[PDB]
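Below you'll find the structure, written out as structure tokens, and then a few comments.
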Amino acid sequence: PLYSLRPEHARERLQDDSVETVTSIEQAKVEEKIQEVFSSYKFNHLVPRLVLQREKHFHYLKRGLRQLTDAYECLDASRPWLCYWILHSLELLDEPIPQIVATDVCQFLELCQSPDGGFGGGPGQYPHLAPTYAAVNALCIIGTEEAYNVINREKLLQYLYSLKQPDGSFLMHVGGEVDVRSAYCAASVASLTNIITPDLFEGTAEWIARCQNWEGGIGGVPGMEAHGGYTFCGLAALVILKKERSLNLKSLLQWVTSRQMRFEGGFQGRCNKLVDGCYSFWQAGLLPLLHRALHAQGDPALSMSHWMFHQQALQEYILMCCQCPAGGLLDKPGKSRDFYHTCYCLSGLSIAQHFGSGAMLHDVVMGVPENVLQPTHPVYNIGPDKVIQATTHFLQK
Amino acid sequence: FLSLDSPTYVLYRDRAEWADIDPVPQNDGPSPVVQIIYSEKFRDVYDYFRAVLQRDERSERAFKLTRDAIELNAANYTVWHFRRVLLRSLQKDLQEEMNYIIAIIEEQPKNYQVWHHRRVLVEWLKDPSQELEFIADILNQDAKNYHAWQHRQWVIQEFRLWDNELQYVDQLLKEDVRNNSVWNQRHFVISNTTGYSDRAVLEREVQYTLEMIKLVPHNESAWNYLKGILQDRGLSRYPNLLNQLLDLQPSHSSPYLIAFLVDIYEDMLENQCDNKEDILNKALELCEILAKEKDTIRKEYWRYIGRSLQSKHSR
Ligand SMILES: Cn1cncc1[C@@](N)(c1ccc(Cl)cc1)c1ccc2c(c1)c(-c1cccc(Cl)c1)cc(=O)n2C
Ligand SMILES: [Zn+2]
């Protein structure tokens with residue numbers, strides 16, 4: 001029937017070796033809950049029963065894109081994201097953006113953009129790289145020359161240069177601090193716009209690699225526990241910089257793959273920590289990357305039909321434990337809907353349904369064939385088509 | 001000097017202290033997108049903050065205004081900026097301001113902007129005299145709090161305060177040996193104090209790591225550690241290991257043991273060992289018990305291992 005429900009799967013529950021600790025107790029609550037979930041779909045299963053709520057998830061997006069309750073008030077200084085998550089989630093789900101909505105959106109990001117480069121959390125806020133990767137990403141999703149011309153490439157590049165450090169690391173914002181993520185931001189942004197001077201990323205390939213530790217993963221700044229949010233940013237940033245090899249790619253693959261939960265099906269963000277909503281892109285979203293590298297080196301043992309993670313199980317998770325009836329997707333069962341996971345669960349699912357490396361193109365679509373999501377580029381997490389339109393456009397300046 | 005939350009709180013609009021200054025509304029444009037329907041208490045504060053900010057008013061009244069803007073959205077980096085500005089010109093007593101920041105962190109241990117501020121202060125004063133007690137208190141509520149650990153490695157490296165860290169490490173490891181963050185913090189204190197090159201230390205760690213495995217066999221931490229401090233010089237370079245693990249094998253099995261042995265075989269073949277073919281099977285055999293039974297979720301991967309080995313150690 002379904003991996004998550006095969007009888008033998010009951011043999012994949014946590015074994016605390018009769019030694020209870022806080023981590024054990026907490027992971028126990030999770031498996032047990034996620035058990036009821038797989039188990040209710042064990043009193044019926046009549047027609048195709050794992051359906052992605054296209055429409056419910058659509059009102060959600062459709063609306064928040066124009067107005068948010070007073071809830072998302074702490075996102076007050078991070079609105080560009082709100083523009084990205086939503087336009088990328090609409091994109092995946094396959095909903096066109098009214099050519100009107102686009103201009104309206106191009107007009108907003110316009111107001112955030114700093115007179116010295118980069119974008120702020122909202123109109124009239126200092127430039128920072130999180131909202132800047134969001135803006136450029138959201139504007140490239142829109143892909144109209146209106147969107148593309150919003151970005152002031154010169155001031156974009158000066159700004160990036162003002163965050164640069166001697167050791168090849170980028171400050172998150174002026175005065176702020178530096179973690180791997182800031183690098184992935186500067187590159188992802190300076191990439192699509194085609195604004196990479198020859199010495200812009202010097203020493204960054206190096207500084208990023210310095211964040212990989214004994215686990216095989218990557219942490220925020222050297223010496224930190226391995227983490228999926230950062231591990232993605234590290235590699236994808238390096239993949240752009242064409243230095244994937246600068247990493248011990250083998251201990252990485254070994255770390256990522258081990259992070260998927262044998263019982264839950266989804267990925268955890270750090271060894272010995274709960275499964276989670278996203279991480280269906282921050283983690284699983286890495287295997288597409290490692291493939292390109294392992295294959296860029298030659299390595300003839302790479303499957304031609306699948307990623308190197310259990311796709312069936314991940315989809316069986318996102319579709320069966322993260323969808324809120326109301327709409328949008330969750331962390332883990334009973335954790336509240338939010339435009340952030342609403343995006344990274346749809347991005348991870350897409351990653352878990354879409355395989356291709358070269359001429360080979362093999363998809364797996366758990367649930368109903370209507371759950372077939374739109375492809376998403378593993379590095380910039382935006383339509384692989386929009387990536388092309390972006391560069392192809394800017395690579396003429 | 002009121003408080004955002006006192007039942008006696010009053011908007012800045014209905015205030016005397018702020019009568020002389022026009023608030024500045026937001027500019028979402030003619031046709032707003034992903035616009036928030038701010039409450040009326042929230043909107044108020046910021047309209048009056050923009051104002052201060054917009055005129056760069058380094059005033060003692062605004063200084064406190066920023067404390068309310070911070071509390072309404074502590075992820076607002078712009079406001080946090082304008083506060084350090086006011087702290088330095090107004091010349092506010094940074095130790096009184098340390099007591100402030102100690103408070104917000106206790107209230108929102110998961111903000112990335114609220115710890116940076118505390119990092120700014122600590123280096124602004126050159127004083128780590130507290131910190132570690134603080135950091136321990138936060139991690140005592142959530143021991144896998146990323147920022148805390150990060151800010152704790154900072155305070156340790158920057159002020160060479162190692163000493164009792166491996167000590168703290170051992171403590172937390174008792175409280176929950178599954179705390180993967182403490183197995184990291186541990187490698188942080190060791191590779192920077194004595195490294196692992198030292199035969200005695202690398203030996204001390206491996207026994208602990210081993211007697212820790214035997215205690216809680218399915219804990220994946222004590223495994224990634226014994227696999228990562230050894231895979232340094234080469235997992236293949238330590239003979240006696242590959243056996244002992246085959247000893248724990250019955251009453252301590254788990255794909256964390258079976259996986260480990262595969263890792264060992266792989267390196268052995270890599271350092272051109274004996275019984276070549278024989279080992280090359282002891283591996284592909286284990287790749288299957290795992291890919292097909294003991295660790296199915298990872299099947300697609302344990303097959304790559306299998307095919308990778310065959311294509312590179314049999315022909
Ligand atoms: C650490 N984490 C894991 N899952 C969720 C979270 C997070 N603690 C978080 C914190 C910092 C960063 Cl840079 C990324 C993610 C979290 C938790 C809940 C959240 C959001 C973020 C975010 C959010 C806000 C800005 C950027 C990003 Cl990437 C996420 C929005 C939101 O509406 N909700 C409910
Ligand atoms: Zn999450």
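Identifiers for the structure tokens are assigned positionally: chains receive A, B, ... in sequence, residues are indexed from 1 per chain, and ligands are indexed from 1 in the order shown.
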Protein and nucleic acid residues within 6 Å of ligand 2 (only C-alpha atoms and all ligand atoms) as JSON, numbers by chain: {"A": [276, 277, 278, 331, 341]}
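Any residue of chain A with an atom no more than 6 Å from chain B counts as a contact; using only C-alpha atoms, that gives residues 17, 21, 64, 65, 66, 67, 68, 69, 70, 74, 77, 126, 214, 225, 262, 272, 301, 308, 309 and 310 of chain A.
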Contacts of residue 157 in chain A at 9 Å or less, counting only C-alpha atoms, minus same-chain residues fewer than 5 places along, as a list in words? residues 117, 118, 152, 162, 190, 195, 196, 197 and 200 of chain A
Would you save the residues from that selection as a PDB file, in the first residue's frame, using N, CA and C atoms?
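Written file, part_1.pdb:
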ATOM      1  N   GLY A 117      21.702  50.163  -2.547  1.00  0.00           N
ATOM      2  CA  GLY A 117      21.699  48.745  -2.861  1.00  0.00           C
ATOM      3  C   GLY A 117      21.077  47.823  -1.817  1.00  0.00           C
ATOM      4  N   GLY A 118      20.641  46.658  -2.273  1.00  0.00           N
ATOM      5  CA  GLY A 118      20.032  45.684  -1.389  1.00  0.00           C
ATOM      6  C   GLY A 118      18.623  46.079  -1.026  1.00  0.00           C
ATOM      7  N   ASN A 152      18.459  47.481  -9.035  1.00  0.00           N
ATOM      8  CA  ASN A 152      19.513  48.444  -9.347  1.00  0.00           C
ATOM      9  C   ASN A 152      20.834  47.686  -9.188  1.00  0.00           C
ATOM     10  N   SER A 162      30.117  46.053   0.464  1.00  0.00           N
ATOM     11  CA  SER A 162      30.228  46.695   1.757  1.00  0.00           C
ATOM     12  C   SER A 162      30.041  45.704   2.881  1.00  0.00           C
ATOM     13  N   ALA A 190      23.896  38.001  -6.509  1.00  0.00           N
ATOM     14  CA  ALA A 190      24.880  38.488  -7.464  1.00  0.00           C
ATOM     15  C   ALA A 190      25.004  37.556  -8.666  1.00  0.00           C
ATOM     16  N   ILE A 195      26.316  40.061 -11.679  1.00  0.00           N
ATOM     17  CA  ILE A 195      27.085  41.187 -11.171  1.00  0.00           C
ATOM     18  C   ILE A 195      28.270  40.696 -10.352  1.00  0.00           C
ATOM     19  N   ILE A 196      28.872  39.593 -10.794  1.00  0.00           N
ATOM     20  CA  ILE A 196      30.019  39.016 -10.107  1.00  0.00           C
ATOM     21  C   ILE A 196      31.365  39.522 -10.639  1.00  0.00           C
ATOM     22  N   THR A 197      31.989  40.449  -9.919  1.00  0.00           N
ATOM     23  CA  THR A 197      33.303  40.949 -10.313  1.00  0.00           C
ATOM     24  C   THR A 197      34.222  39.752 -10.071  1.00  0.00           C
ATOM     25  N   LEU A 200      34.922  39.408  -6.136  1.00  0.00           N
ATOM     26  CA  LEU A 200      33.790  39.514  -5.233  1.00  0.00           C
ATOM     27  C   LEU A 200      33.748  38.360  -4.236  1.00  0.00           C
TER      28      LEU A 200
END
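Atom pair CA of residue 174 in chain A / atom 33 (N, counted along the ligand's line) of ligand 1: separated by 24.1 Å.
Taking only C-alpha atoms and all ligand atoms into account, ligand 1 has within 7 Å the residues residues 72, 75, 78, 81, 276, 278, 338, 339 and 340 of chain A; 110 and 112 of chain B.
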Just to be explicit: take each residue in the selection above, keep N, CA, C and O atoms, and write the result as a compact mmCIF listing (two decimals), in the first residue's frame.
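Written out: again_2.txt:
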# COMPACT_ATOMS: atom_id res chain seq x y z
N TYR A 72 0.69 38.05 11.51
CA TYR A 72 1.99 38.21 10.83
C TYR A 72 2.44 39.66 11.00
O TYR A 72 2.59 40.39 10.02
N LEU A 75 6.43 39.69 11.27
CA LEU A 75 7.07 39.50 9.98
C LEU A 75 7.11 40.91 9.40
O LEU A 75 7.45 41.12 8.24
N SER A 78 10.16 41.80 7.49
CA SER A 78 10.66 40.68 6.71
C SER A 78 9.68 40.40 5.61
O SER A 78 9.56 39.27 5.17
N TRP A 81 10.12 38.37 2.05
CA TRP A 81 9.93 36.92 2.17
C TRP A 81 8.48 36.60 1.89
O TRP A 81 8.16 35.70 1.11
N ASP A 276 10.64 17.80 10.92
CA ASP A 276 10.12 19.14 10.69
C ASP A 276 9.57 19.44 9.32
O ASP A 276 10.04 18.93 8.32
N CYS A 278 9.65 22.09 6.90
CA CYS A 278 10.59 22.37 5.84
C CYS A 278 11.53 21.22 5.94
O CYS A 278 11.13 20.14 6.33
N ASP A 338 1.74 28.43 8.34
CA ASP A 338 2.52 29.65 8.08
C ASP A 338 3.24 29.65 6.74
O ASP A 338 3.89 28.69 6.36
N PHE A 339 3.09 30.77 6.04
CA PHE A 339 3.67 30.99 4.72
C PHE A 339 5.08 30.54 4.49
O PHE A 339 5.55 30.46 3.35
N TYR A 340 5.79 30.28 5.59
CA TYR A 340 7.14 29.81 5.48
C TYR A 340 7.08 28.34 5.17
O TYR A 340 7.49 27.92 4.11
N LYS B 110 14.96 32.41 21.01
CA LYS B 110 15.15 31.99 19.63
C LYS B 110 15.28 33.10 18.60
O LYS B 110 15.14 32.84 17.41
N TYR B 112 17.44 35.81 16.44
CA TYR B 112 18.82 35.94 16.00
C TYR B 112 19.32 37.35 16.21
O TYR B 112 20.51 37.57 16.40
Can you measure CA of residue 295 in chain A to CA of residue 357 in chain A for me? One decimal in Å is fine. 8.8 Å
Members of range 250-349 of chain A assigned helix (DSSP H, G or I) by DSSP, as a PyMOL selection string: chain A and resi 250-259+284-296+311-321+341-349
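With only C-alpha atoms taken into account, the protein and nucleic acid residues at most 7 Å from range 55-64 of chain B (excluding it and anything under 6 positions from it in its own chain) are residues 83, 86 and 90 of chain B.
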Give me a file of those residues, with C-alpha atoms, as a PDB file, in the first residue's frame.
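Generated file (selection.pdb):
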ATOM      1  CA  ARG B  83      19.253  51.631  19.468  1.00  0.00           C
ATOM      2  CA  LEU B  86      21.273  56.002  20.818  1.00  0.00           C
ATOM      3  CA  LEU B  90      23.204  59.263  24.635  1.00  0.00           C
TER       4      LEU B  90
END
Selection near residue 144 in chain A, 10 Å with only C-alpha atoms, sequence-local residues under 2 positions removed, as an MDAnalysis selection string: chainID A and resid 99 102:103 106 139:142 146:149 386 389:390
Excluding range 253-261 of chain A and residues on its chain fewer than 3 positions from it, collect all residues at most 10 Å away from it, counting only C-alpha atoms, and give them as a VMD selection string. (chain A and resid 12 to 13 31 214 to 218 226 to 228 231 to 232 248 to 250 264 to 276 279 to 280 282 to 287 290 to 291 294 308 to 310 313 to 314) or (chain B and resid 220 224 295 297 to 302)
Write a file of the selected residues as a PDB file, in the first residue's frame, keeping C-alpha atoms.
ATOM      1  CA  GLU A  12      10.851   1.664  12.703  1.00  0.00           C
ATOM      2  CA  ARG A  13       9.809   3.306  16.001  1.00  0.00           C
ATOM      3  CA  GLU A  31       6.365   9.150  16.550  1.00  0.00           C
ATOM      4  CA  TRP A 214      32.819  16.239  12.248  1.00  0.00           C
ATOM      5  CA  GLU A 215      29.248  15.288  11.328  1.00  0.00           C
ATOM      6  CA  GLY A 216      29.821  15.877   7.649  1.00  0.00           C
ATOM      7  CA  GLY A 217      27.240  18.626   7.570  1.00  0.00           C
ATOM      8  CA  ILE A 218      27.763  22.387   7.749  1.00  0.00           C
ATOM      9  CA  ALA A 226      25.627  20.650  11.677  1.00  0.00           C
ATOM     10  CA  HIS A 227      22.373  22.188  10.472  1.00  0.00           C
ATOM     11  CA  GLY A 228      20.134  21.751   7.433  1.00  0.00           C
ATOM     12  CA  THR A 231      24.070  22.950   5.042  1.00  0.00           C
ATOM     13  CA  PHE A 232      21.864  23.851   2.071  1.00  0.00           C
ATOM     14  CA  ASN A 248      34.244  16.512   1.908  1.00  0.00           C
ATOM     15  CA  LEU A 249      31.230  15.725  -0.220  1.00  0.00           C
ATOM     16  CA  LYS A 250      31.173  12.139   1.034  1.00  0.00           C
ATOM     17  CA  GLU A 264       8.315   9.770  10.163  1.00  0.00           C
ATOM     18  CA  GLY A 265       9.549   9.878   6.578  1.00  0.00           C
ATOM     19  CA  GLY A 266      10.521  13.536   6.635  1.00  0.00           C
ATOM     20  CA  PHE A 267      13.801  15.186   7.527  1.00  0.00           C
ATOM     21  CA  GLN A 268      15.085  16.382  10.882  1.00  0.00           C
ATOM     22  CA  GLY A 269      17.320  19.460  10.985  1.00  0.00           C
ATOM     23  CA  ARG A 270      20.027  18.164  13.287  1.00  0.00           C
ATOM     24  CA  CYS A 271      21.014  14.716  14.540  1.00  0.00           C
ATOM     25  CA  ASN A 272      18.820  13.771  17.462  1.00  0.00           C
ATOM     26  CA  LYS A 273      16.073  16.479  17.004  1.00  0.00           C
ATOM     27  CA  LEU A 274      12.411  16.390  15.843  1.00  0.00           C
ATOM     28  CA  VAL A 275      11.218  15.908  12.334  1.00  0.00           C
ATOM     29  CA  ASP A 276      10.122  19.139  10.690  1.00  0.00           C
ATOM     30  CA  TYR A 279      13.761  20.400   5.731  1.00  0.00           C
ATOM     31  CA  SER A 280      11.901  18.787   2.958  1.00  0.00           C
ATOM     32  CA  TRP A 282      16.689  22.394   3.217  1.00  0.00           C
ATOM     33  CA  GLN A 283      17.715  18.721   3.494  1.00  0.00           C
ATOM     34  CA  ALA A 284      16.243  16.608   0.748  1.00  0.00           C
ATOM     35  CA  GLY A 285      16.894  19.668  -1.377  1.00  0.00           C
ATOM     36  CA  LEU A 286      20.592  18.881  -1.023  1.00  0.00           C
ATOM     37  CA  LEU A 287      20.588  15.531  -2.718  1.00  0.00           C
ATOM     38  CA  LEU A 290      25.307  16.496  -4.383  1.00  0.00           C
ATOM     39  CA  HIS A 291      24.190  14.534  -7.463  1.00  0.00           C
ATOM     40  CA  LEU A 294      29.209  13.564  -7.683  1.00  0.00           C
ATOM     41  CA  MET A 308      19.430   9.431  -2.980  1.00  0.00           C
ATOM     42  CA  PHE A 309      16.708   9.833  -0.354  1.00  0.00           C
ATOM     43  CA  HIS A 310      13.458   7.957   0.174  1.00  0.00           C
ATOM     44  CA  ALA A 313       8.374   8.329   2.295  1.00  0.00           C
ATOM     45  CA  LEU A 314       8.975  12.078   2.183  1.00  0.00           C
TER      46      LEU A 314
ATOM     47  CA  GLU B 220      23.007   8.216  16.999  1.00  0.00           C
ATOM     48  CA  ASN B 224      28.673  10.110  14.577  1.00  0.00           C
ATOM     49  CA  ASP B 295      17.720   0.691   7.292  1.00  0.00           C
ATOM     50  CA  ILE B 297      14.405   4.505   4.565  1.00  0.00           C
ATOM     51  CA  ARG B 298      17.994   4.925   3.341  1.00  0.00           C
ATOM     52  CA  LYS B 299      17.780   2.219   0.672  1.00  0.00           C
ATOM     53  CA  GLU B 300      18.438   4.502  -2.302  1.00  0.00           C
ATOM     54  CA  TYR B 301      21.688   5.476  -0.522  1.00  0.00           C
ATOM     55  CA  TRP B 302      22.926   2.045   0.709  1.00  0.00           C
TER      56      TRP B 302
END
Polymer residues at most 7 Å from range 392-395 of chain A, only C-alpha atoms, same-chain spacing of 3 or more positions, as number ranges by chain: A: 193-194, 388-389
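Proximity ranking of B:222, B:129, B:121, B:161 relative to residue 93 in chain B places B:121 first, based on only C-alpha atoms.
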